[PDB]
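> My questions all concern the structure below.
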C-alpha cells in the first residue's frame, strides 16, 4: 500500500525537517528528518484500545500487544528485537489506552534498518510461544499487582466501573492472572486460538500511526519505508465509536462516598459531555479549563480559601471516548469542608451563575490566543522518547500539516460552543464523589477486583430544587486581564565575555552568585535557584516544623496572586532543605526583577491568619502519619539518607513535636530565623551580567531593608558529615511495615569520595552490574518486581546500593545477592575485548550528552552547586581517565572492597520486614542495632571535599 504525499509542515524555532503521509492500508506516517540528532526513533500507534475486547476476556488486546513483541518468522528467538536494542542502547516500550495501543522505540544512531526489519513483520507472523505466554502472564499479573493499591488507577477504574455494564466502556483494561489465563481454561477457551482470531480479525486493517524519527533525509527514508511497508494489508475495519455517554439516567445526578487507601479527602465533580473534537479550531474546553479553575480576585477558589474549606484544586476537561468526553472538578476538603459540602456545591453554582451572567468573553479569547500564539511559536525542541508517541496519540484526527498546530493554535471564536457547554453544565449533568476514610460500617457495595466499598444513595429533591433555582451571585467577580504578558522578545547578543562556564561575578560576605546565558538554545526564559541557608533549620524537630508550616502558609497566601504567573509560564517553588529553605523560580524574561522583588518583599514581611494557621497545622499533622504507609523501597531510601548523614530526625519524633506549636511562638521565631541567613544562587537565561548584579543587589538590599540581615562569618558555613564503617563490618537492621506483605532491602557500599579513579571505577562497575542483574535476578530468578541495582551518590560520596522489595526472607535474599556477586566475580574474567570496548563506549555515551532542555542542565549544575563541587569540566577529566583502565584493576577494585574476604570490607545492608513476620557460603554474623543513636555514638566521620 505504497503511497507518498508531502509538503511544507508548519513546524513553529526548530531545525528538524518534517513530512507526513499516509499509506493506503490505513497507516498514518510522519517523516522526521534531522541531520544533527544522535538517537533515531520510530513509534507505531494502533487506534484500537482495550475497550474493544470481547465481553468475556479482559485485557485481551493488552495481552496480545504484550505477546506481539516476541517471535517472528524471520527471527523466532524471544528477546531478539530487544537484545538488538540492547546492542545499540535502544529502549522500546508500549502502552495501551481505551482506543489506542502505542508501540515506541529508539535506536543508537543510524541502525534503524535493523529494528525496523525486526518490527515490520510483527503483522505477518505472530508465534505465541511457550515462554512468551508463560512469562508474560506473570508480567501482566505483576503489572496489575502494582496497580492494586495505586490510588490514581484505583479511583480511575472506579470511575470506569460505576457506569453502564452494557457500554463497552465497562471493560477491564489490564487484567490480572485470574481473568487472563485462569478465566479461559476454566471456561475451556483456548487463549492462543482467540489470540489468532483477534490478530486476524481486528488488527491488520487500518488506523495505524507510524512516525519515523530518522537522521538521514526525507526522501531516502521515504522510499525505504514506503517500500518496506506494503505487507500491511487493509481489511476495512470500521471506526469504533460510541453513540452515547455511558450514563443513561440510572447513574445521573448521583453521589458516592468513597474510602481511599491513603488517608486523603477529596470531592469529585464530573460531567459526561459530547465531543467537540471537530471544534479544535475554537476549542471551548481550553476556555472552560481556563475559566473554571482560575484563581483570582472574586474567583470561586478565592472564596473557598476565604472560607478555608478547600486547600487546592484541579478541574477541567477530561479526554474520553470518541463519542462522549468528560469534564471534571476535583477539590480538596477540610474538616467542615467535609461536613458542609452542599454549600460548596452552592458556591460552585454561584460561580456557574457568574458564568451565566457575563456569558462568553472575547478579550479572554484574544488573551489566551496570544498566549498560545507566542508559546506555540516559541517551542524549544522535543524529547526523542515520549513526544513522538504523544503526537502519534493525537495524530489520529489530523492531516499531515495539522500535526504540529494540533490544539496549540486556535483560529476562530465560537460563542455558540460556549452557549452549548453553558447549557450543558447544569445540575442535571453533575456526578458527585466524596472521598473520606471515616465511612466504615456504612458502605456496602464492594469493588470486585480491588475491594473498595461504596453506596449510591441518590440526592433527594429538596437539595435539587434548591440547587436549580438558587443560582445567584454573591461576591464573585470576573477574573481581571493579565498584565504579565511579555513584550520582551529581543535576543541579546553574546558579549566579549565568552566564558563557557559561570564565573563568580559577585562576592560578598553575604552571598555568592553564579550566572550563565544560553549561546545555543535562544529562548526568552530564565532560571533562578535561590537557596536560603540557616543554622536553625534542622537544629530540632520544633523549629523545622515551624519552617515547614511557615513555607506552607507562605505559598498558600501568595497563591491567588501566583496563578496568573503560573498560567503564563512563570513558575516558582518554595521548598525547605536540611540546609534552609529552597527557592526555584523558572520562566520567562518579562517581570523577572519585578516579580522577584515582590516575592522577596512578601516573604520578607509576612503575616499570619488564625484559622489559616489552624488549617495548616491540622492538615500537615494529618499528612504526618501517612508516612507509615508507603512502599518499603521509598521508606528504605528514607532510611538510607537517614543512616548516611550526620544528624537525622526521624518522622515520629518530628510528628510528636507539633503537639505544642502555637502561633505566637512561631511569630516570635520568624524574624529570628530571618535575622541572619545566606543565599547562593545560580541564574541562567536571557539577561545580562550587570543586570544580574543589580538583581542580586536588589535582593540583598530588600532583605536588609526588611529584617536587617547582616552577613555570615565563614565559620558557620557548615556541612554534615557521613558515617565511617569499621573497615571490615557488615551491619544491618530491620523495620516492619504494617500494610504491605513484602520485605524490602537496600544494600549500601562505601567505596570512596569522588576521586578521578573512583568515578570511572564505580561507573564502569555500575554498568556491568546493570544489565546482568536485571537479566538474572529479577528476570531469570524471578525474585521480585521492585528489584533495583546501582550507584548512590550523596554528600560528595560515592556509593553502591541495591533496592529490592519482595516477599522473601531477607537473609535468603542476601544469600542470592552474594550468589550474584560470585556470578559477577566469575563473569569478570570472562570478558573479551568486545564486551570491554562496547561496554566502555556505551558507558561513554551514557555519560556524555549535550543538554537539550535548558531546565535539565540547570538542574545538573545546581545539583553540583549544592554539593559544592563545581568541577564543570569533569567530563574531559572522566573521559581522559577512562582510556587508562584494565580489567585486572576491577579485580583490584573487587577484592579488598567488594569481596567477602576483604580486609577493607565496607558492607552494609538494611532490612525492612513484611507485615506478618543456588548455593551460599557462610558469611560472618551481623549485628543487632537497637539504638541508632547509640550506634552512631562512637563512630568516626568522613572528611569533606576540597571544592573545585
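Residue numbers (my numbering): 65 to 1012. Where is the CB? At the ideal position from N, CA and C, for every residue including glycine.
Taking Cβ positions, are residue 493 and residue 335 nearer each other than 8 Å?
Cβ atoms of residue 493 and residue 335: closer than 8 Å.
> Could you tell me which uninterrupted beta strand (DSSP E) segments, each at least 3 residues in length, are contained entirely in the region 484-530, listed from first to last along the chain?
The qualifying runs are 495-499.
> Per the contact definition of three or more C-beta pairs closer than 8 Å, is the region 659-674 in contact with the region 714-725?
Short answer: they don't touch.
> Measure the alpha-carbon distance for residue 565 versus residue 580 and round it to whole angstroms.
Those two C-alpha atoms are separated by around 7 Å.
> Measure from the alpha carbon of residue 115 to the alpha carbon of each residue in 194, 310, 642, 698, then state which is nearest.
Comparing Cα positions, the closest option is 310.
> Spatial neighbours of residue 243 within its chain, please: C-beta separation below 6 Å, excluding the five flanking residues on both sides.
122.
> So, for residue 96: in the same chain, excluding its five sequence neighbours on each side, which residues have a beta-carbon less than 7 Å away from its beta-carbon?
Here the set comprises 80, 82, 275, 276, 277, 278.
> Per DSSP, what kind of secondary structure is residue 809 in: helix, strand or coil?
Reduced to three states, the DSSP call for residue 809 is strand.
> Any contact of the region 585-601 with the region 741-750, i.e. 3+ C-beta pairs under 8 Å?
Cβ pair count under 8 Å is three or more, so yes.
> Report all residues from its chain with a CB closer than 8 Å to the CB of residue 234; omit the five preceding and five following residues, and keep chain order.
Around residue 234: 224, 225, 227, 228, 310.
> In terms of alpha-carbon separation, which member of 495, 707, 87 lies closest to residue 271?
Closest by alpha carbon: 87.
> What is the C-beta distance between residue 867 and residue 700, in whole angstroms, given that I count them as a contact (C-beta under 8 Å)?
About 7 Å; that satisfies the 8 Å criterion.
> Please determine if the region 521-536 and the region 367-376 are in contact, where contact requires at least 3 C-beta pairs separated by less than 8 Å.
Not touching, per the Cβ criterion.
> Short of 6 Å in beta carbon distance, which residues of its chain neighbour residue 786, apart from the five on each side in sequence? Order them along the chain.
Only 708, 859, 861, 1006 meet the Cβ criterion.
> Between the beta-carbon of residue 884 and the beta-carbon of residue 840, is there less than 8 Å?
Against a cut-off of 8 Å, the Cβ pair of residue 840 and residue 884 comes out as a contact.
> Please confirm if the region 593-604 is in contact with the region 635-654, defined as three or more CB-CB distances below 8 Å between the two stretches.
Enough Cβ pairs lie closer than 8 Å, so yes.
> Taking DSSP as the reference, what is the three-state secondary structure of residue 423?
Of the three classes helix, strand and coil, the one that applies to residue 423 here is coil, per DSSP.
> Within its chain, find whatever has a CB closer than 7 Å to the CB of residue 806; leave out the 5 residues flanking it on each side and keep chain order.
For residue 806, where only same-chain residues beyond five positions count, the Cβ hits under 7 Å are 696, 869, 870, 871, 978.
> Report the start-end ranges of each beta strand (DSSP E) in the region 73-121 that is 3 residues or longer and not cut off at the edges.
You should have 81-87, 91-97, 104-110.
> Quick test of the definition: if touching needs 3 or more C-beta pairs under 8 Å, does the region 781-800 touch the region 963-978?
A contact exists between the region 781-800 and the region 963-978.
> Return yes when the Cβ of residue 91 is within less than 8 Å of the Cβ of residue 296, no when it is not.
Closer than 8 Å, so yes.
> Let me check understanding here. Comparing Cα to Cα, which of 103, 442, 504 lies closest to residue 154?
That would be 103, whose Cα lies nearest to the Cα of residue 154.
> Going by DSSP, which residues form a beta bridge with residue 744?
Residue 744 pairs with 576.
> Pull up the CB-CB distance for residue 345 and residue 475, whole angstroms please, since I reckon it's below 8 Å.
Indeed they touch by this definition, with Cβ atoms about 5 Å apart.
> If I measure Cβ to Cβ from residue 654 and keep anything under 7 Å in the same chain, skipping five residues before and after, which residues do I get?
Counting only Cβ-Cβ distances below 7 Å, and skipping sequence neighbours, we find 548, 550, 552.
> Just curious, the beta strand (DSSP E) that residue 637 is in, first and last residue?
Unbroken run through residue 637: none, as it is neither H nor E.
> Quick one: what's got a C-beta closer than 6 Å to residue 384's C-beta in the same chain, skipping five residues either side?
Around residue 384: 390.
> Per DSSP, which residues does residue 258 bridge with? Please list them.
Its beta-bridge partners do not exist; DSSP assigns none.
> Do the CB positions of residue 204 and residue 130 come within less than 8 Å of each other?
Their beta carbons are under 8 Å apart, which means residue 204 touches residue 130 by this criterion.
> Over the uninterrupted beta strand (DSSP E) stretch that includes residue 208, give me the two end residues.
Where residue 208 is concerned, there is no enclosing beta strand (DSSP E), although the alpha helix (DSSP H) it sits in stretches over 194-209.
> Assign residue 752 to one of two classes, buried (16 or more other C-beta atoms within 10 Å of its C-beta) or exposed (fewer than that).
Per the 10 Å Cβ criterion, exposed.
> Using a Cβ-Cβ cutoff of less than 6 Å, which residues in the same chain neighbour residue 844 once the five nearest sequence positions on both sides are dropped?
For residue 844, where only same-chain residues beyond five positions count, there are no Cβ hits under 6 Å.
> Relative to the alpha-carbon of residue 656, which residue among 686, 762, 728, 193 has its alpha-carbon at the smallest distance?
Cα-wise, what sits closest to residue 656 is 762.
> Could you check where the beta strand (DSSP E) with residue 379 kicks off and where it finishes?
377-382 is the extent of the beta strand (DSSP E) around residue 379.
> In the structure shown, what three-state DSSP assignment does residue 557 receive?
Coil at residue 557, not helix or strand.
> Taking just the CA atoms, how far does residue 349 sit from residue 530?
If I take the Cα positions, the gap works out to 28 Å.
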